[PDB]
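Undergrad: Quick one, fold the following:
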Amino acid sequence: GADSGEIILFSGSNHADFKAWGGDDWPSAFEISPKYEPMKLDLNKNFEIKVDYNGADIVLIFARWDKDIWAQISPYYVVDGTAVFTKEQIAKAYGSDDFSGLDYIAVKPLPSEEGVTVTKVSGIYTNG
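TA: Numbering: from 1, shown residues only. Structure data below:
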């Protein structure tokens with residue numbers, strides 16, 4: 001499997017604060033509702049997603065409401081501020097590698113004092 005990228009999915013500065021569950025909501029530093037917004041990454045291909053962030057530990061979420069799936073994973077690794085999540089890790093947490101009907105993709109901070117800032121989300125095709 002030969003790689004190609006990156007494909008920029010977000011660039012800018014989004015900050016989210018979050019200190020504990022139980023509350024109003026659990027905000028995202030980046031999120032996409034794929035039935036309503038173009039997803040520039042083909043999830044049927046093999047891929048990984050990279051997130052440049054500063055601050056809180058983060059998780060990546062893929063969710064599908066009607067099947068009650070909430071696949072939540074930590075990065076495989078983080079290096080100099082860039083977290084990487086593989087399609088293998090997301091498929092394992094989701095219970096399938098078939099993301100038809102996906103409703104939600106989000107990068108969320110776990111609890112922290114400072115919150116998280118996300119400055120880039122990208123994809124790399126790692127084959128298909």
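Undergrad: Do you have the strands of the chain handy? List them.
TA: According to DSSP state E, the chain carries its strands in the segments 4-16, 30-32, 47-55, 58-64, 69-73, 77-79, 82-86, 104-109, 116-125.
Undergrad: Identify the bridge partners of residue 117.
TA: In this structure, residue 117 bridges to residue 15, residue 54 when assessed by DSSP bridges.
Undergrad: ok, residue 87 to residue 113 distance?
TA: 32 Å (CB to CB, to the nearest Å). For the C-beta atoms, the positions are set from N, CA and C on the backbone; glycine is no exception.
Undergrad: Could you say which of the strands of the chain is packed most deeply?
TA: Scoring those by mean neighbour count under mean count of other CB atoms under 10 Å gives strand 104-109 as the most buried, with a mean of 22.
Undergrad: Strand 116-125 and that one, what's the angle between them?
TA: Interaxial angle of strand 104-109 relative to strand 116-125 (axes from the mean of the first three to the mean of the last three CA atoms, to 10 degrees): 140 degrees.
Undergrad: And the contacts of strand 104-109?
TA: Applying CB atoms under 8 Å, 6 or more residues apart in numbering, the contact partners of strand 104-109 are 16-18, 26-34, 39, 51, 53, 55-65, 115-116, 118, 121.
Undergrad: follow-up on the earlier one: compare residue 87 and residue 113 and say which is more crowded by neighbours.
TA: residue 87 (21 against 8; other CB atoms under 10 Å).
Undergrad: partners of the closest residue to the more buried one other than its chain neighbours in the sheet?
TA: Spatially, and ignoring its direct neighbours in sequence, residue 87 is nearest to residue 47 (5.0 Å; CB to CB, 6 or more residues apart in numbering). Beta bridges link residue 47 to residue 125, judged by DSSP bridges.
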